Amino acid sequence: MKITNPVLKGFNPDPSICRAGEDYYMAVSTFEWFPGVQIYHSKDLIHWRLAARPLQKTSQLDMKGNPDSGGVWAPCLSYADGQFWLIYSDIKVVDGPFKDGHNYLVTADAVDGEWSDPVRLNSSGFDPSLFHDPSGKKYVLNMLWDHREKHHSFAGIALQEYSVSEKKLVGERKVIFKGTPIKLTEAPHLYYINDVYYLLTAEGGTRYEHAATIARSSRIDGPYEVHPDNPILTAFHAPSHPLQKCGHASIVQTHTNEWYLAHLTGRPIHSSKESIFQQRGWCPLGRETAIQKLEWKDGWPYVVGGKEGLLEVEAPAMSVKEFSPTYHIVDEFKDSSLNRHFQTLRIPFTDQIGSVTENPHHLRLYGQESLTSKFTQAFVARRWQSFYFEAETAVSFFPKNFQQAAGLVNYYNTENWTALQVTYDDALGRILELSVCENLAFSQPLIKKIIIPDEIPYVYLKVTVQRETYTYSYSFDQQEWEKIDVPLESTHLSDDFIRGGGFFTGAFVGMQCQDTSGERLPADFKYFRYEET
Amino acid sequence: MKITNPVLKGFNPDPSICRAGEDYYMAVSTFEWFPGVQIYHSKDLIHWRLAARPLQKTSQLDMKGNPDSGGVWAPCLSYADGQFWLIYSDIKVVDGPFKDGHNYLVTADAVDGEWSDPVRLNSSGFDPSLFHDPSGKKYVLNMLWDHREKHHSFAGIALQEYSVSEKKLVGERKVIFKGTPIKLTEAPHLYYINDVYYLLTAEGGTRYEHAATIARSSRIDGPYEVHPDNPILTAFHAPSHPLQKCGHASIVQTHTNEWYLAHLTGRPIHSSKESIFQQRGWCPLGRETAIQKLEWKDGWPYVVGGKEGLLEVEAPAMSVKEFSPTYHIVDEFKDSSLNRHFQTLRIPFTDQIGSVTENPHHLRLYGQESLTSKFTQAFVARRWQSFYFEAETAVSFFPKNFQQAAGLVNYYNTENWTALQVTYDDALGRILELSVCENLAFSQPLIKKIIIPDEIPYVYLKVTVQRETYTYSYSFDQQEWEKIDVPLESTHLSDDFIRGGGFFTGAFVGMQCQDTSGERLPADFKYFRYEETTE
């Protein structure tokens with residue numbers, strides 16, 4: 001059987017792969033979505049289950065107010081000395097000359113167990129990584145961010161020893177590698193292989209110039225010599241390749257003595273009226289995770305099939321293990337916790353915003369701030385993970401003023417979303433309203449406003465996504481449906497469309513309630529269906 | 001003696017004036033600056049002292065991450081039933097279709113006492129105000145914010161009863177007033193005068209179309225009849241008038257039976273190459289507070305001297321009461337509390353960012369995030385309150401890497417500031433570097449870097465503000481000052497220059513340290529001089 005790429009579909013960037021015995025884990029970045037970090041598990045590298053989200057407490061991760069695509073950037077997950085180590089960031093500034101953000105370490109005995117509270121590491125640049133040197137010494141790597149006007153912002157790869165006993169970085173940091181002319185050198189990961197240190201980095205930025213670079217040295221602090229056919233992974237030169245933005249990689253040696261390379265990639269939708277060489281495409285599924293196979297020659301690794309990456313990769317010599325599903329196709333909210341594929345923006349799910357117990361078999365959302373707020377939104381959502389799917393909910397909501405609205409949302413960031421919501425109009429009563437926010441340009445295009453009769457206990461809401469286009473429809477009895485004939489562009493919910501310094505997540509679909517009057521009016525959602533078609 | 005306007009200079013907007021006996025107070029907005037709300041006190045309406053900053057605890061005001069010019073918008077201060085009542089807002093969203101923000105009520109027996117924990121009122125629009133009806137009932141007014149595409153966002157003035165005993169609004173809200181064609185109707189305040197309800201509002205927005213309008217009704221919920229010579233306050237038609245943006249007013253009747261109108265105003269700097277009618281000016285001192293006298297005719301008040309406002313205003317018949325200064329020209333940081341004119345961005349001053357006791361007679365700042373961060377900045381600052389002044393400090397700072405810098409800062413918001421900082425360069429060692437951030441465009445224009453010798457214990461830093469321009473200078477000895485040949489424009493630190501949805505504060509000058517490496521390297525400031533030199 002082959003590995004079929006991407007192995008993590010939808011928003012799952014910056015994969016950090018590691019091994020514990022015959023178990024394999026990958027951590028991916030989550031930015032402003034809470035809880036933070038997703039860890040997937042596999043026994044064959046083909047099939048991956050969502051196993052854990054470590055950062056569940058505000059003591060670990062406090063992101064209220066964080067900018068769009070701030071928060072948890074690339075993480076580093078490792079296993080050594082009988083425990084898992086997770087290095088993560090909380091980025092507070094994502095535009096301008098600075099990139100204010102802080103790097104932390106937590107540990108756990110199992111990925112789905114309780115994680116420690118964080119140790120502060122440094123703030124000097126993102127993509128922090130923990131390297132377990134064969135000696136037993138530990139080192140933290142990260143990129144150095146240089147704000148100064150006259151310097152490239154990616155000032156190279158810093159190395160500094162981490163003292164387990166002092167719970168701090170010690171000594172002085174050293175810049176061990178400045179990168180290649182591709183620049184934007186980041187994502188440092190160190191490997192010790194046959195008594196040689198290999199430094200893997202990403203270069204080119206995470207758009208279409210993305211690459212994975214590798215260098216090697218007999219000493220941990222260099223100097224490092226670059227791979228003769230560098231970069232080892234990129235699709236920069238190949239605009240028509242189905243995998244784009246190929247970079248930010250990590251390496252695993254399997255227990256079967258085989259070598260594999262996890263990396264992020266985008267799968268763009270193109271415009272037929274543009275050249276793909278000039279307009280490389282739009283990715284509503286964000287940056288996904290793919291796995292390539294490596295082969296070695298003369299002490300350098302090479303990506304099997306060429307540096308562009310393959311859609312179908314030769315799987316390692318392991319028994320196939322498919323996993324039980326981890327979400328309900330129709331979630332009826334029978335569980336005491338929200339299913340693990342649901343996340344909230346920035347803050348934990350508490351009765352500040354909602355409850356799964358107050359009205360049994362419903363998700364109740366207490367109306368809070370609008371979809372444009374970086375603070376407290378009663379919004380529970382899950383990733384688009386296919387170009388073709390339907391999502392559906394049913395909402396009991398009886399608003400009494402125009403500042404109350406609840407329903408079904410497709411969302412990229414606070415400036416980019418659409419929403420089909422039950423709201424209230426003083427002259428007409430309950431109405432069903434379409435709202436559109438495109439880089440903070442707001443529109444409500446329905447001239448024909450849809451009146452909802454008083455006797456309808458639930459309004460059924462649906463979105464049908466068909467690659468480049470998606471459309472809403474609604475029903476008052478879940479039998480006769482009415483299409484909202486406003487075709488919406490999926491590419492408007494993509495990394496490549498939205499403005500600003502942070503463009504790092506992906507499209508989500510979810511259930512939402514706002515009450516900007518102050519009443520905290522609740523909306524009860526009977527179910528949430530997500531069905532890929 | 002007359003009232004000389006502005007009575008509160010520099011950033012002091014949205015004045016809410018009230019009387020307690022023969023004491024007069026004004027609350028002004030503070031936006032992202034902490035602690036929140038400033039209350040001033042006067043015995044004669046001529047002289048005002050900074051008396052209190054009520055919102056001191058994160059339990060009352062938690063602004064970490066707030067956008068620039070979010071946070072504490074216009075407040076409402078009132079005195080009734082033996083206590084002070086303060087209505088304030090925490091605005092989370094300042095651009096786009098929404099204006100997410102929440103309104104709260106706190107109380108105190110004295111304005112500089114301990115204020116209560118907040119009661120939640122509503123979230124339906126900013127400028128909340130508490131009216132004490134002669135029936136003994138209480139009402140909250142606020143503007144209603146309408147996000148809907150096809151409606152003007154200022155949908156009128158809401159009114160709803162507040163229950164003291166239940167600690168919540170009760171009944172249902174009513175829209176009691178929709179405004180005039182000036183629109184952007186906000187700042188509602190109710191007054192009950194000669195058995196008539198008078199509703200005062202601001203219209204036209206807080207730029208150069210700002211106005212105060214007033215309307216009256218025999219019933220609290222209207223309909224209200226508009227003043228026949230409305231608006232009663234505005235400089236919209238008079239671009240050359242020295243007071244501009246005149247609006248967001250509040251009324252007080254003195255214990256001497258006289259009537260006054262406090263209002264915000266801007267004092268713009270103009271460009272000689274533009275028409276003042278097209279480019280109405282730039283205000284680095286932000287929105288300031290002025291007071292006018294009112295006179296009545298046929299049940300309507302009129303501003304004495306015309307709708308535009310006067311610089312010198314007839315004072316009430318009260319004994320003059322001057323106050324002595326509430327800051328030292330040269331603050332040597334001998335006190336263990338920061339002087340009341342210093343504020344921090346968004347968060348309280350704690351060991352997270354500094355200490356005035358760790359190194360006695362110095363302000364120590366532990367290097368945290370850059371000047372562009374909306375979270376944790378080790379930055380202690382005070383308002384520009386004069387067009388002409390000098391500010392000066394002396395810093396002990398020994399950075400070891402380029403991500404550590406500390407010094408003297410002039411600042412409007414996270415995207416707009418300049419900084420003269422001791423930093424480290426791997427090729428030169430300690431250097432003194434000038435950084436400039438203009439609507440997030442960043443430059444360091446000194447071609448030749450200024451090297452600091454190792455043996456210098458303190459670097460002396462000065463800014464000389466000269467109305468439309470300001471310049472930095474420095475000294476290693478405190479006796480010989482070296483020029484920094486970069487002219488900077490004061491108008492770039494103004495409400496009228498900066499981009500974005502919130503433009504509501506004013507220029508500050510302060511002491512700052514950043515360490516974006518993680519070491520929290522300390523900088524020690526020996527003193528802070530702020531010396532105004534107007535006249």
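Throughout, a chain's letter reflects where its sequence line sits, starting with A, and its residues are numbered from 1.
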Given the options [options], which has more heavy-atom pairs under 4.5 Å with chain A than any of the others?
options                               : value
B/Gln368, B/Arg173, B/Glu519          : B/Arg173
B/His147, B/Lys374, B/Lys64, B/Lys99  : B/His147
B/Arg148, B/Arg120, B/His102          : B/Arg148
B/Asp146, B/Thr376, B/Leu371, B/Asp95 : B/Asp146
B/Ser517, B/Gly125, B/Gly96           : B/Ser517
B/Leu169, B/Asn401, B/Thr414          : B/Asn401

Contacting moiety of B/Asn103, where chain A heavy atoms sit under 4.5 Å |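 B/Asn103 has no heavy atom closer than 4.5 Å to chain A.
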At what distance, to the nearest 0.5 angstrom, does [atom1] of [X] lie from [atom2] of [Y]?
X        : Y        : atom1 : atom2 : answer
A/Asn66  : B/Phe375 : CG    : CZ    : 4.5 Å
A/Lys400 : B/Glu172 : NZ    : CD    : 7.5 Å
A/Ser373 : B/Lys92  : OG    : NZ    : 8.0 Å
B/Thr516 : A/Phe98  : OG1   : CZ    : 6.5 Å
B/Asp100 : A/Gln377 : CG    : CD    : 8.0 Å
A/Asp515 : B/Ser123 : CG    : OG    : 7.5 Å

For residues 435-442 of chain A, which side-chain donor-acceptor pairs fall under 3.5 Å, sequence neighbours excluded?
from	atom 1	to	atom 2	distance (Å)
A/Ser435	OG	A/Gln444	NE2	3.0
A/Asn439	OD1	A/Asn416	ND2	3.1
A/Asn439	OD1	A/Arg499	N	2.9

Taking only heavy atoms into account, what residues of residues 417-430 of chain A are found under 4.5 Å from chain B?
->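 Expected list: A/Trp417, A/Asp425.
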Any idea which of A/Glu415, A/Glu149, A/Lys150 has the most non-hydrogen atom pairs under 4.5 angstrom with chain B?
->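 Ranked by heavy-atom pairs under 4.5 Å with chain B, first place is A/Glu149.
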A/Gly518, A/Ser370, A/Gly65: which one forms the most heavy-atom pairs within less than 4.5 Å of chain B?
->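 Sorted descending by pairs with chain B, the first entry is A/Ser370.
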Please state whether the side chain, the backbone, both or neither of A/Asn122 comes within less than 4.5 Å of a heavy atom of chain B.
->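 Contact with chain B: backbone and side chain both.
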